[PDB]
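Next up: a single chain in C-alpha cells, the form deposited in one PDB entry.
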C-alpha cells in the first residue's frame, strides 16, 4: 500500500504485516515483543518508544546516509546512534522498555 518507510503499524495492520517478521537477518527488523508486533502504534508503551524515533530532519541530519544498488533494487542506507537522556528521571524505565523489545523474537514460541 504505502511505501514501506511511510507505513504505520496498528492492530488492523500489525508490525509483521507492515514490516515483515522479526529475525536475525540484516534485511529484517529485530525490534518488538509479541505485544508490540501485534499492536504497532496501539501498543500501550508506543509513546515511550516513539520518543526515540527521528523527525525527517533529524533522520537526514543525524544519520550516515548511503546509496547501494543490489539485485533487488536501489537502497537508501542509514545508520546512527541516539543518546538516551540519563538525566531524565524515567531513564531506568526507558532501558527496561528497550531491553524487553530488542531481539525479543529470540524467545518467541
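Numbering follows the first chain given and starts at 1.
Although not depicted, the form deposited with a small molecule bound is the subject of the following passage.
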Worksheet entry | Heavy atom of residue 100 within 4.5 Å of the small molecule in the deposited bound form | no
Worksheet item: Does residue 16 reach the small molecule in the deposited bound form if we count a contact as any heavy atom within 4.5 Å?
Response: yes
Worksheet item: Applying a 4.5 Å heavy atom distance criterion, does residue 34 contact the small molecule in the deposited bound form?
Response: yes
